[PDB]
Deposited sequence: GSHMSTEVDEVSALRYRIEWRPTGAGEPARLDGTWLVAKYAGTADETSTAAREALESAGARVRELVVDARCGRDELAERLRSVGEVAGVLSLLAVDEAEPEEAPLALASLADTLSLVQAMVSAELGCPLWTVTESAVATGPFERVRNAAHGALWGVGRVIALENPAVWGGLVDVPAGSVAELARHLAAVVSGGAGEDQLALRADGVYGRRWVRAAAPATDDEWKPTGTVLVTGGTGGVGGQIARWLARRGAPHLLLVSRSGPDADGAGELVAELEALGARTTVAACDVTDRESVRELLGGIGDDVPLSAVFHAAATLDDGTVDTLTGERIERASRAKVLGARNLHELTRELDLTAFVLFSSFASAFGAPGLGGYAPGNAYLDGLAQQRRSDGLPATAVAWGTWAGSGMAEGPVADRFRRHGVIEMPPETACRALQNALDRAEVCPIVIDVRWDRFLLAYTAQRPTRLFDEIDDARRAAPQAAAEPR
């Protein structure tokens, strides 16, 4: 079936480094003052035991690229840089993407490019990813580093080493494989180190649900960005599925363009539709919105399509910039999560993107918000709550390998994902023979080592 050929998911498979062959030269360890000291010591011994001189690089939160550029031009020749900025980092209230490590990672990268160090950067994160459903993502925002990290790898390979996640508060794994990781020939740049081995991130095709389970829309279904392109198609799908009542929300709401014939089109399909103006970044507006739902038709599902798009390059991106532009997607999701955590929802669907699934040049500023969604969904599942972060491909990078999918087909793939209870399904139509060549044009990857069509 066409739908079953658009389904993919992320898995972590056991793998190896490829012989450490020791190191040489001087490595820098970037960290904040009085933070990640235990891990820094574990990293130092790991690197020094491999035959390298380690020096610390104490970074001041949100210092900027200019300051780091001057300091990197004084250290002299550098063999590599290990970033521990995301280690022992507290979650940022109010704005999750205001993470200092996100802003400073970008600053470090840009600075490394300016100082022309000519060496790769390796970023360590703590419990930022889950190798299995039994592991919990500690801070969903840390996922943004992996998201933007993937794009930086494609735009400036020479300066990007990779990403390594280790158990929060733990150092044993790091000081045990770090050496082999930074000096490996496997080409693994996306790894998770656990007490029971090393794992590598991999794309794999998803299986069909032989289960009788079939998600069905009941009561009221809320769709953010309902008046937008994607939210509109989702609404049409729900109506065709037999959804009783649809609540479409956006900042424009009833004033949105095309909203008029939108309701008429949905009501024609047999669904009572209501369009309301609501800014999902405003927690109070959302609370009032939810509170206005008829007791006769309780909210049962949420589809969060609200968002914005850009196209800036990594050298033009700043943590502040990213945080500000991804508010509807990120804050909208957080608010909806907090305000429905008590409701009896059957589905809570966040609209993620291929931008975070594998990332692409120019999408560096878009990847962060989508990665956060992936993490939030996994956190909800860990707490016994429903959630699905669907990484969407293009909806009908054309010749880049990704083929736009028909609205109808895309929604049936999602239906199938809800039926199998997949937390982070990837729904995209691509031609691997064309995609792979472009994705590894200047940088190889093992991300697609299990994709049949990637080996065929």
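- Unmodelled regions of the deposited chain sequence (numbering from residue 1, in sequence order): 1 to 8, 405 to 416, 477 to 486.
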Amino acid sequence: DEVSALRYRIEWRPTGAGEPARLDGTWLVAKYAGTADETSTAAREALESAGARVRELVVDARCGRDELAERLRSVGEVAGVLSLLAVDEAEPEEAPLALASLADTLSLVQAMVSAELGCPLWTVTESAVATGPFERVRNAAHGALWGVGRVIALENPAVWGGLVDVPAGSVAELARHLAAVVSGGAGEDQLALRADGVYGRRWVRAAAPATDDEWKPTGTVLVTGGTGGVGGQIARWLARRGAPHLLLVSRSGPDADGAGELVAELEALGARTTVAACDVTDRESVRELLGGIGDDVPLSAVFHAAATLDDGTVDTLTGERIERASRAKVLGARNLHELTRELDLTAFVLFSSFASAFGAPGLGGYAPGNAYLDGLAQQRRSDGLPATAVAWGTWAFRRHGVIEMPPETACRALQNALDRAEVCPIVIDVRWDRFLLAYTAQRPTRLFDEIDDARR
From here on, numbers count along this sequence of modelled residues.
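- The mean C-alpha temperature factor is higher for 286 to 294 when 286 to 294 and 350 to 358 are set side by side.
- As the entry records it, the average C-alpha temperature factor is higher for 248 to 256, out of 367 to 375 and 248 to 256.
- Considering 426, 410, 29, 46 together, the PDB entry gives 46 the largest C-alpha B factor.
- Residue set 96, 384, 76, 231: peak C-alpha B-factor at 76 (per PDB entry).
- Per the PDB record, residue ranking by Cα B-factor puts residue 40 in the middle third of the chain.
- In the PDB entry, residue 50 places in the highest third of its chain by CA B-factor.
- Among the modelled residues of the chain, residue 213 sits in the highest third by CA temperature factor in this PDB entry.
- Remark: residue 318 belongs to the middle third of its chain, ranked by C-alpha B-factor as recorded.
- The deposited CA B-factor of residue 17 belongs to the highest third of values across its chain.
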